[PDB]
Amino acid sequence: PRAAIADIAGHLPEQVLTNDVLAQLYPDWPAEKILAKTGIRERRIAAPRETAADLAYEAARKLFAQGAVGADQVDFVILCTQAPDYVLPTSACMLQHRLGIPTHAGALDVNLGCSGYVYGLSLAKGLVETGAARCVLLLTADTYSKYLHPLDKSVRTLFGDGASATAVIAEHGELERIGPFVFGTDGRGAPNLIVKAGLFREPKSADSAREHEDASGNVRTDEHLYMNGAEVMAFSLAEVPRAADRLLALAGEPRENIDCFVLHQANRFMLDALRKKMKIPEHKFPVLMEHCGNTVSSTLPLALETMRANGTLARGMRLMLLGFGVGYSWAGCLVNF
């Protein structure tokens, strides 16, 4: 059997965080500046008690309603998230039950961020092509909003909450529909995108709750997200084009064969810098996060969904997907959609 993407469905929460509201909160960041620096106009934010798993639930329901796959067919669930319901049990286990998926289905959570979708696809392909599953439900969901400090402008302008559901199914054919892959991990990048306090390396303390204002006027605590934007950008520029070139060389694939290079939707500034370095024309390089922002592991599937909606993605297209960020972690794959 060969693994293929059967269908994708996204879900964004109801609350909207607009540039106008952020500009009212931050005098030094007017709406025009935010848009020029990020290309993001709006982000969606989960309700106070609404979790990433709740968003994934809605994404999966939407997927089933689209009619390519149903809950009864699902025999494995992978949830990629960095904001799970509990330390334990696994959030995917509860989703199996909530979605009415049969108890013979496998289920597990994966902790990855902006590289998560491509890694997720590698796992799903593995399960399908070894006969361990015939229909893998790959879910992505994040609520970074829950650990952004209200006065950390550097991250609140960037991140949105959201989820997706992808069905990876067994297909008959003499064509690789997902793959090959390239992978990357560099744990030296851990301090550059991190929530330091709150789990087992550093339990919450008086120290971790203390607010500190940085040289850019951003306020946070060790219990909130810290992002070194300069470092993350340097990492992305260093590793992403290299990864893309590795992947093409590995596959023996002519570069001209790629119809679309779909990258993790970090922001317009990052995406433009990558596009210029990679020498890819705009029509092969989607930038589609204006109204959702950076949704972490969900950026790629949400982009693919947006592409289908705006008529730029069709069956038979040759894609390269590239995810990169927190870890540091990155991965790329080719797709025959």
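We number the residues from 1 along the sequence you see.
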{"item": "Stretch exceeding the other in mean C-alpha B-factor - 132-140, 256-264", "value": "256-264"}
{"item": "Between 39-47 and 297-305 (mean CA B-factor, as deposited), the higher", "value": "39-47"}
{"item": "Out of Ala251, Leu112, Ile101, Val168, highest CA B-factor residue", "value": "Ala251"}
{"item": "Candidate residues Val326, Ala9, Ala23, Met320, the one whose C-alpha B factor the record puts highest", "value": "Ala23"}
{"item": "Third assignment of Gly120 from its chain's C-alpha B-factors", "value": "lowest"}
{"item": "Chain-wide C-alpha B factor ranking for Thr221, given as lowest, middle or highest third", "value": "middle"}
{"item": "Where the record places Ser145 (Cα B-factor, split into thirds across the chain)", "value": "middle"}
{"item": "Among modelled residues of the same chain, the CA temperature factor third for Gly198", "value": "middle"}
{"item": "Ranked against its chain, the third holding the CA B-factor of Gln73", "value": "middle"}
